[PDB]
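Heads up, the chain shows up twice below as structure tokens, two forms, tagged structure 1 and structure 2.
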Structure 1
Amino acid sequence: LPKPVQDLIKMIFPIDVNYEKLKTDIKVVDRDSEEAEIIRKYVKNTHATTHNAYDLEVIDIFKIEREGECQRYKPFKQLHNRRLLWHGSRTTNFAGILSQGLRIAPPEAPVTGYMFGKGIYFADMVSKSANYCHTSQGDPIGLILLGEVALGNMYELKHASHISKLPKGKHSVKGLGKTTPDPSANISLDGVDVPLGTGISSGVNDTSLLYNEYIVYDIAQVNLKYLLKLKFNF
């Protein structure tokens, strides 16, 4: 395996045995390629200003295909409003995330900590998701996912709801932030919208959220595309 992939396997845990454990094809993305430049732009432009504790710096970019995930995502790949969005988590979770995919809290679990109910959460501001890696100066390396999310018809909300059931015809929730990546800069990679614009005012002022959130309540609406290794500089 390429050295970057070996260092990734060591981060989240011999090597080839654990790699097969992940049930995931992992490939290194060329630094000089356009995938990489699009991703680095996304990172650079969507760093919120209230998250000035750290600067982000991309170390490695991996293209990942989880086993079965594309065959499971099928019914939503034609779904309009597909979007490439961040998801952060503690390094410890990633072994599981890759082997089993992003999951939903169990049906009988408290909803009080879930601003928009028990679903799978995403941001379009890199720092908003990077906050959920919970890295520090003692461990300034973390992992963020980029997922293709089949948002469909969004239920746009300004305030928490704490339930997991959508109205009919809705497929996702968008928590509306006061700040959103400039839509005039969105680009379409492989049919999927990448909101890599610099943050500008959304025009919403009646809202609880500084930045957007995107929630889906079916694990088949997610197709993990990339995994970034980030250095946090505090």
Structure 2
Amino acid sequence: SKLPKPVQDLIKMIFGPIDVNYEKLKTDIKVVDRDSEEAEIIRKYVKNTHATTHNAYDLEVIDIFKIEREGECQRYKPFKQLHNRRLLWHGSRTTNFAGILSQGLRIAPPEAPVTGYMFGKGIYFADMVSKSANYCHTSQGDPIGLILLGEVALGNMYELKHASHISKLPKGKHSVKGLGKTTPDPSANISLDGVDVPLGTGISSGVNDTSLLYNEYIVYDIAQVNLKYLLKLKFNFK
């Protein structure tokens, strides 16, 4: 394999031939350097947004991966122009990343239960690492988890305080944002490339009348997601 050792781990991690399996992902997986601009931001994002609720463990960033799904740059071209784009977390089970890298992040299928969603069927993201990380489903005897950072064309956010069984958006709206109580400090954000990164520490949002602890982000068109990084986390339980 003409690949770094960290990558080959990632290959075996998902599946279960290496280079045959790498093509099946249809994704260019480069390892980001630990002493770089990206890494110093990405690992700071993970440090700051580790929330007070989710103290059952502390995180440790093992390997970062710059990812580039095939054809995803061209599919995202319309939404590239749209304003308000954030780099947001999306945790998932390690089993699923085979399908995700190959087919992208997709909407939950027509059959799946519609009762068990906050803001209808869409694609969920968080500005807190600890909220998304929960959906890696790492256990004591399986404490290594994969988490996505994605460029998400939010656009005009329909900012709600309480779950709503949405189908169609208001006109002009492109995303839905669930307003949470505790938020990454807005005035401590930075811009990596043409993207907002909400890497502030957790503070009160000033939003009184909402049920959500943390913010969440939903998009209903699968072309509004551009995957950027695919971290490898270590859950250090207490």
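Basically, rigid core = biggest C-alpha set you can superpose within 1.5 Å across the two forms. Residues are numbered by position in structure 1's sequence, first residue being 1.
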query: Is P75 among the residues whose Cα moves by 2 Å or more between the two structures after superposition of the rigid core?
result: no
Cα displacement of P107 between the two structures reaching 2 Å, rigid core superposed: yes
Superposed on the core, the Cα displacement of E34 between the two structures in Å comes to 1.1
After superposing on the rigid core, the Cα of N131 moves between the two structures by an amount in angstrom of 0.2
Using a rigid core superposition, the C-alpha offset of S164 between the two structures in Å is 2.7
